[PDB]
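Below is one structure, written out as structure tokens; comments come after it.
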Amino acid sequence: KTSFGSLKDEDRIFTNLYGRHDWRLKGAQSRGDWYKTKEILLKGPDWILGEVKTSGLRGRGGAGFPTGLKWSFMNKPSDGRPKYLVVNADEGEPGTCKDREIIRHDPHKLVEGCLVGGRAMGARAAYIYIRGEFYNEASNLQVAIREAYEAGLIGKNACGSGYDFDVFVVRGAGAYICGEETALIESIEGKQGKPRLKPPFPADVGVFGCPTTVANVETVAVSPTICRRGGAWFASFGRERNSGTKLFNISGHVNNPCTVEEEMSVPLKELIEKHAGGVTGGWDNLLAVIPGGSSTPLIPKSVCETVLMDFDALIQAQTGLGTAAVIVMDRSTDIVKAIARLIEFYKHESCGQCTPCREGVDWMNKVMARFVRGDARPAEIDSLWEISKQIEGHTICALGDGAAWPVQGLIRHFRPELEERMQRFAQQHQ
Amino acid sequence: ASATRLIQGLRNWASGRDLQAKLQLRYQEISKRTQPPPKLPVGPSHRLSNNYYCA
Ligand SMILES: NC(=O)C1=CN([C@@H]2O[C@H](COP(=O)(O)OP(=O)(O)OC[C@H]3O[C@@H](n4cnc5c(N)ncnc54)[C@H](O)[C@@H]3O)[C@@H](O)[C@H]2O)C=CC1
Ligand SMILES: Cc1cc2nc3c(=O)[nH]c(=O)nc-3n(C[C@H](O)[C@H](O)[C@H](O)COP(=O)(O)O)c2cc1C
Ligand code: SF4
């Protein structure tokens, strides 16, 4: 297969994403959830890890680490400490609202993923660090976890398999940096949600100093489907090292802002013109696309014509896949004001721990706040580039990376627009 | 420069040189004691980019 997309509804993992069916247990059992979960639990962790490593499932959090290889780091005998699956359900990323849809409309799929993945990693229980702003989604998830307990699917002797497994939900408290896995661990442990340094990677020292795997809602919820349908079924969609299906949030300047499941290596133009109703004013009215949520650098219309929506084709296009959240920006957009607002986000959402992010993201906000009006001279553009290169790679977590990258994308694709902004400021003010 | 041309001619004859052309006492030809404020230039490292000190 060389042309991807046009995914059939029989191949969607996330049936009942739109809330058009019962999200509860009688709805989920009439759609395919909780079917032969015991026969996945009783085939050991090794078969489940083989099915997930075969399926090519990479991290749906946004970095795309191989989820089976990540979960095989827990395949080790215990040292007296328990093991924990922790489901990252924060989703504070701008553009990204898909895990809200998964928790709100397929909760039992996430709970069965918690059970199966925790069997695969030998986990004691599952702490779902849900977002604090997703309150109704959290009570939604707790009602479905109550329905899974009362049916004996989780808890003492989960699904009749001799295996004990609890599912905990910890609400957030309004911090974007608590989506980062070590800061999420610190937020579960009742401290300031500040990211730890790595190593120890959380399979060595994680939550409470236990072995821990933090995994996204999407890469957990697809795991019973990977166990039932098979690894070859999931690897049969998308390119090699770019396997599976993926939820997409197309928002911004489109005619129909939507959440939709789609095949992995789908073209961006096909995705926007099919599921989103096109860009407002047509495809010819396109100026830029932030391809994968706010941290990934933007791409212009000359790149958006033939680009694909997976990891490798966006890394080749000097951006990233990220959360695969498409923020569409038409020709009427002040792009400098939008990216400066995005850097204003990344300094309002920054935990202040280490020097380059704490100082330089505020200093990039100040430089971008002068770039919006144009109250600067062009020797500060390249300067700003160097400042991004002094934050990219020198921080603890990748919010310094996620704050340096949109500045780099705006400079790299719209340096002449910044220069004409500043020179028209300098001519109508001096 | 206030000497009489008799004394000036005697002085030029005695030295053998023209002395009013090259006077050693200074007059209004010298620079003013009050000058306009300067604007001094900066060096090559007064840049905002490609200015790493290790380089
Ligand atoms: N989903 C969301 O809402 C958001 C997602 N992101 C994404 O987060 C990413 C940055 O997060 P990071 O975890 O710092 O990126 P990445 O460098 O660390 O690693 C991703 C995952 O692989 C694991 N890993 C990688 N190498 C490992 C090794 N040798 N041993 C053990 N585990 C290993 C990490 O523990 C982590 O869980 C970005 O790519 C960005 O797109 C950013 C903001 C919001
Ligand atoms: C600043 C920052 C914020 C993040 N926020 C989230 C988040 O809200 N939700 C999420 O699933 N991953 C988030 N991540 C990515 C996680 O670190 C981690 O990669 C992911 O949650 C689990 O990895 P996996 O996708 O391989 O399963 C964030 C990363 C960073 C650097
Ligand atoms: S770089 Fe920013 S987001 Fe990361 S540990 Fe430091 S303050 Fe926190």
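In the structure tokens, chains take the letters A, B, ... in the order shown, each chain's residues start at 1, and ligands count up from 1 in the order shown.
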
Residue list (helix (DSSP H, G or I), DSSP) for range 125-348 of chain A, as number ranges by chain: A: 135-150, 158-160, 176-179, 181-188, 207-209, 217-221, 223-229, 231-235, 268-275, 283-285, 301-304, 311-315, 335-348

Save out the residues we just selected, C-alpha atoms, as an mmCIF file, in the first residue's frame.
```cif
data_model
loop_
_atom_site.group_PDB
_atom_site.id
_atom_site.type_symbol
_atom_site.label_atom_id
_atom_site.label_comp_id
_atom_site.auth_asym_id
_atom_site.auth_seq_id
_atom_site.Cartn_x
_atom_site.Cartn_y
_atom_site.Cartn_z
ATOM 1 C CA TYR A 135 -14.163 16.985 35.808
ATOM 2 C CA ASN A 136 -17.297 15.654 34.136
ATOM 3 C CA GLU A 137 -15.047 13.347 32.115
ATOM 4 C CA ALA A 138 -13.530 12.188 35.421
ATOM 5 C CA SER A 139 -16.878 11.419 37.056
ATOM 6 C CA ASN A 140 -17.851 9.786 33.748
ATOM 7 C CA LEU A 141 -14.762 7.564 34.007
ATOM 8 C CA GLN A 142 -15.432 6.821 37.690
ATOM 9 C CA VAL A 143 -18.980 5.648 36.918
ATOM 10 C CA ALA A 144 -17.578 3.320 34.264
ATOM 11 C CA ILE A 145 -14.894 2.063 36.681
ATOM 12 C CA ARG A 146 -17.682 1.391 39.183
ATOM 13 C CA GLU A 147 -19.468 -0.593 36.473
ATOM 14 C CA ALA A 148 -16.252 -2.519 35.782
ATOM 15 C CA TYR A 149 -15.736 -3.301 39.486
ATOM 16 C CA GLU A 150 -19.335 -4.398 40.116
ATOM 17 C CA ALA A 158 -9.909 -9.394 37.561
ATOM 18 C CA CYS A 159 -12.026 -11.045 34.827
ATOM 19 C CA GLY A 160 -11.775 -14.398 36.621
ATOM 20 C CA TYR A 176 0.110 21.726 31.877
ATOM 21 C CA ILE A 177 3.576 20.602 33.002
ATOM 22 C CA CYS A 178 1.930 17.817 34.990
ATOM 23 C CA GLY A 179 1.369 15.985 31.681
ATOM 24 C CA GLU A 181 5.573 11.836 32.874
ATOM 25 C CA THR A 182 7.991 12.586 35.703
ATOM 26 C CA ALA A 183 6.155 15.764 36.683
ATOM 27 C CA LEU A 184 2.978 13.707 36.531
ATOM 28 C CA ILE A 185 4.647 11.257 38.911
ATOM 29 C CA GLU A 186 5.527 14.172 41.211
ATOM 30 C CA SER A 187 1.945 15.426 41.003
ATOM 31 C CA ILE A 188 0.593 12.004 41.990
ATOM 32 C CA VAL A 207 5.760 6.764 41.129
ATOM 33 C CA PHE A 208 6.621 6.238 44.828
ATOM 34 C CA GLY A 209 9.998 4.948 43.657
ATOM 35 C CA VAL A 217 -4.855 7.276 26.978
ATOM 36 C CA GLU A 218 -4.803 6.510 23.258
ATOM 37 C CA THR A 219 -1.867 4.087 23.375
ATOM 38 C CA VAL A 220 -3.586 2.287 26.268
ATOM 39 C CA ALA A 221 -7.117 2.214 24.819
ATOM 40 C CA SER A 223 -4.133 -2.204 23.328
ATOM 41 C CA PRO A 224 -7.109 -4.603 23.848
ATOM 42 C CA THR A 225 -7.923 -4.073 20.171
ATOM 43 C CA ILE A 226 -4.312 -4.967 19.352
ATOM 44 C CA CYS A 227 -4.572 -8.056 21.560
ATOM 45 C CA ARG A 228 -7.863 -9.222 20.030
ATOM 46 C CA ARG A 229 -7.477 -8.254 16.367
ATOM 47 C CA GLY A 231 -0.480 -7.182 15.709
ATOM 48 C CA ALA A 232 -0.569 -7.733 11.951
ATOM 49 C CA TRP A 233 -3.965 -6.010 11.777
ATOM 50 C CA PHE A 234 -2.592 -2.901 13.456
ATOM 51 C CA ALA A 235 0.674 -2.955 11.500
ATOM 52 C CA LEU A 268 -2.757 16.364 5.526
ATOM 53 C CA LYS A 269 -4.549 17.894 2.531
ATOM 54 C CA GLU A 270 -6.775 14.821 2.156
ATOM 55 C CA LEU A 271 -7.559 14.872 5.889
ATOM 56 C CA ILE A 272 -8.490 18.575 5.959
ATOM 57 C CA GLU A 273 -10.485 18.435 2.718
ATOM 58 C CA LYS A 274 -12.354 15.274 3.746
ATOM 59 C CA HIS A 275 -13.085 15.337 7.466
ATOM 60 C CA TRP A 283 -7.286 25.276 0.318
ATOM 61 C CA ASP A 284 -5.861 28.245 -1.602
ATOM 62 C CA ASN A 285 -6.632 30.467 1.414
ATOM 63 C CA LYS A 301 1.201 25.951 2.373
ATOM 64 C CA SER A 302 4.097 24.942 0.099
ATOM 65 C CA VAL A 303 4.825 22.005 2.439
ATOM 66 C CA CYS A 304 1.187 21.209 3.327
ATOM 67 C CA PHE A 311 6.185 10.603 12.555
ATOM 68 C CA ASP A 312 8.796 10.104 9.835
ATOM 69 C CA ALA A 313 7.235 12.256 7.104
ATOM 70 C CA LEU A 314 6.925 15.171 9.530
ATOM 71 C CA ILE A 315 10.439 14.740 10.942
ATOM 72 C CA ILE A 335 0.777 34.549 12.526
ATOM 73 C CA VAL A 336 3.170 36.523 14.741
ATOM 74 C CA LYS A 337 0.395 37.219 17.253
ATOM 75 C CA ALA A 338 -0.604 33.543 17.274
ATOM 76 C CA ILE A 339 2.918 32.233 17.840
ATOM 77 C CA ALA A 340 3.568 34.946 20.442
ATOM 78 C CA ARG A 341 0.364 33.849 22.181
ATOM 79 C CA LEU A 342 1.717 30.306 21.992
ATOM 80 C CA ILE A 343 4.954 31.371 23.701
ATOM 81 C CA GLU A 344 2.805 33.255 26.227
ATOM 82 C CA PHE A 345 1.166 29.878 26.891
ATOM 83 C CA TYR A 346 4.547 28.214 27.316
ATOM 84 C CA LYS A 347 5.666 30.748 29.903
ATOM 85 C CA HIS A 348 2.338 30.680 31.733
#
```

8 Å shell around ligand 2 using only C-alpha atoms and all ligand atoms, listed as a PyMOL selection string: chain A and resi 58-67+70+87-93+176-182+213-220+350+397-402

Could those residues be written to a file, using C-alpha atoms, as a CSV table (one decimal), in the first residue's frame?
```
chain,number,residue,atom,x,y,z
A,58,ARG,CA,4.4,3.9,18.9
A,59,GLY,CA,3.7,6.4,21.7
A,60,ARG,CA,0.5,8.3,21.2
A,61,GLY,CA,1.6,10.8,23.8
A,62,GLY,CA,3.6,12.7,21.2
A,63,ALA,CA,7.2,11.5,21.1
A,64,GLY,CA,6.4,8.1,19.5
A,65,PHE,CA,8.6,5.8,21.4
A,66,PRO,CA,7.9,2.1,20.7
A,67,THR,CA,5.2,1.3,23.2
A,70,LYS,CA,8.7,0.7,26.4
A,87,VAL,CA,-2.1,6.4,32.4
A,88,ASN,CA,-1.3,10.0,31.4
A,89,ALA,CA,-4.7,11.6,30.9
A,90,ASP,CA,-3.7,15.3,31.3
A,91,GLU,CA,-3.8,16.5,27.7
A,92,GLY,CA,-3.0,20.2,28.3
A,93,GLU,CA,-1.7,20.6,24.8
A,176,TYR,CA,0.1,21.7,31.9
A,177,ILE,CA,3.6,20.6,33.0
A,178,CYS,CA,1.9,17.8,35.0
A,179,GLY,CA,1.4,16.0,31.7
A,180,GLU,CA,5.1,15.3,31.5
A,181,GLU,CA,5.6,11.8,32.9
A,182,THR,CA,8.0,12.6,35.7
A,213,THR,CA,5.1,3.0,33.0
A,214,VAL,CA,3.4,6.2,32.1
A,215,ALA,CA,1.4,5.7,28.9
A,216,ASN,CA,-1.1,7.9,27.0
A,217,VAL,CA,-4.9,7.3,27.0
A,218,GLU,CA,-4.8,6.5,23.3
A,219,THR,CA,-1.9,4.1,23.4
A,220,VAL,CA,-3.6,2.3,26.3
A,350,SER,CA,6.2,26.2,32.8
A,397,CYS,CA,12.1,18.0,30.2
A,398,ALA,CA,10.9,18.9,26.6
A,399,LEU,CA,8.8,21.9,27.4
A,400,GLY,CA,11.9,23.9,26.7
A,401,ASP,CA,12.0,22.0,23.4
A,402,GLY,CA,8.3,22.6,23.0
```

10 Å contacts from chain B to chain A using only C-alpha atoms, as number ranges by chain: B: 47-52

May I have the residues within 9 Å of residue 286 in chain A as a CSV table (one decimal) with N, CA, C and O atoms, in the first residue's frame, using only C-alpha atoms and disregarding those fewer than 3 positions away in the same chain?
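For reference, selection_11.csv as written:
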```csv
chain,number,residue,atom,x,y,z
A,253,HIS,N,-8.7,27.4,11.7
A,253,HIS,CA,-9.5,28.0,10.6
A,253,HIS,C,-9.9,26.9,9.6
A,253,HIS,O,-9.3,26.9,8.5
A,279,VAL,N,-10.3,24.2,4.4
A,279,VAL,CA,-10.0,25.5,5.1
A,279,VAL,C,-11.0,26.5,4.7
A,279,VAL,O,-11.6,26.5,3.7
A,280,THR,N,-11.3,27.4,5.7
A,280,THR,CA,-12.2,28.5,5.4
A,280,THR,C,-11.7,29.4,4.3
A,280,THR,O,-10.6,30.1,4.5
A,281,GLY,N,-12.4,29.5,3.2
A,281,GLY,CA,-11.9,30.1,2.0
A,281,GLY,C,-11.2,29.2,1.0
A,281,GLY,O,-10.6,29.7,0.1
A,282,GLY,N,-11.3,27.9,1.2
A,282,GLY,CA,-10.7,26.9,0.4
A,282,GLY,C,-9.2,26.6,0.8
A,282,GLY,O,-8.7,27.3,1.6
A,283,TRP,N,-8.7,25.6,0.1
A,283,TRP,CA,-7.3,25.3,0.3
A,283,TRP,C,-6.3,26.4,-0.1
A,283,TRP,O,-5.2,26.5,0.4
A,289,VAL,N,0.0,25.7,8.9
A,289,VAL,CA,-0.5,24.7,9.7
A,289,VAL,C,0.4,24.3,10.8
A,289,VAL,O,1.6,24.0,10.5
A,300,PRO,N,4.3,25.7,6.1
A,300,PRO,CA,3.6,26.6,5.3
A,300,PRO,C,2.8,25.8,4.2
A,300,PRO,O,2.8,24.6,4.2
A,301,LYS,N,2.1,26.6,3.4
A,301,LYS,CA,1.2,26.0,2.4
A,301,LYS,C,2.0,25.2,1.3
A,301,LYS,O,1.5,24.3,0.7
A,328,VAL,N,-5.1,24.9,12.0
A,328,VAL,CA,-5.1,25.5,10.6
A,328,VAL,C,-5.2,27.0,10.7
A,328,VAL,O,-6.1,27.5,11.4
A,329,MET,N,-4.3,27.7,10.0
A,329,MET,CA,-4.2,29.1,10.0
A,329,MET,C,-4.3,29.7,8.6
A,329,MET,O,-3.4,29.4,7.8
A,330,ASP,N,-5.4,30.4,8.3
A,330,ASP,CA,-5.6,30.9,7.0
A,330,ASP,C,-4.8,32.1,6.7
A,330,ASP,O,-4.0,32.6,7.5
A,331,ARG,N,-4.9,32.7,5.5
A,331,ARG,CA,-4.1,33.8,5.0
A,331,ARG,C,-4.5,35.1,5.8
A,331,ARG,O,-3.7,36.1,5.7
A,332,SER,N,-5.6,35.2,6.4
A,332,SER,CA,-6.0,36.4,7.2
A,332,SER,C,-5.4,36.4,8.6
A,332,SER,O,-5.7,37.3,9.3
```

Shell of 12 Å around range 20-34 of chain B, only C-alpha atoms, local chain residues under 6 positions omitted, as a ChimeraX atom specification: /B:1-5,7-9,11-12

Coordinates-based distance that separates CA of residue 194 in chain A from atom 4 (Fe, counted along the ligand's line) of ligand 3 (Å, one decimal): 7.3 Å

Separation of CA of residue 125 in chain A from CA of residue 165 in chain A in Å: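 So the two atoms, CA of residue 165 in chain A and CA of residue 125 in chain A, lie 5.0 Å apart.
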
Selected residue, from A:373, A:299, A:322, A:422, that lies nearest to residue 408 in chain A when counting only C-alpha atoms: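 That would be A:299, the residue with the smallest distance to residue 408 in chain A.
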
Who sits within 8 Å of residue 161 in chain A, only C-alpha atoms, same chain under 6 positions skipped, as a ChimeraX atom specification: /A:38,41-42

Any chance you could export the current selection's N, CA, C and O atoms as a PDB file, in the first residue's frame?
```
ATOM      1  N   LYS A  38     -10.224 -12.289  29.735  1.00  0.00           N
ATOM      2  CA  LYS A  38      -9.595 -13.356  30.509  1.00  0.00           C
ATOM      3  C   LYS A  38      -8.627 -14.169  29.660  1.00  0.00           C
ATOM      4  O   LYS A  38      -7.559 -14.568  30.133  1.00  0.00           O
ATOM      5  N   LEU A  41      -5.540 -12.136  29.494  1.00  0.00           N
ATOM      6  CA  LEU A  41      -4.857 -12.156  30.784  1.00  0.00           C
ATOM      7  C   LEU A  41      -4.143 -13.478  31.035  1.00  0.00           C
ATOM      8  O   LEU A  41      -3.067 -13.495  31.643  1.00  0.00           O
ATOM      9  N   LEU A  42      -4.713 -14.590  30.580  1.00  0.00           N
ATOM     10  CA  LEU A  42      -4.141 -15.896  30.871  1.00  0.00           C
ATOM     11  C   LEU A  42      -3.085 -16.333  29.866  1.00  0.00           C
ATOM     12  O   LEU A  42      -2.521 -17.420  30.027  1.00  0.00           O
TER      13      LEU A  42
END
```
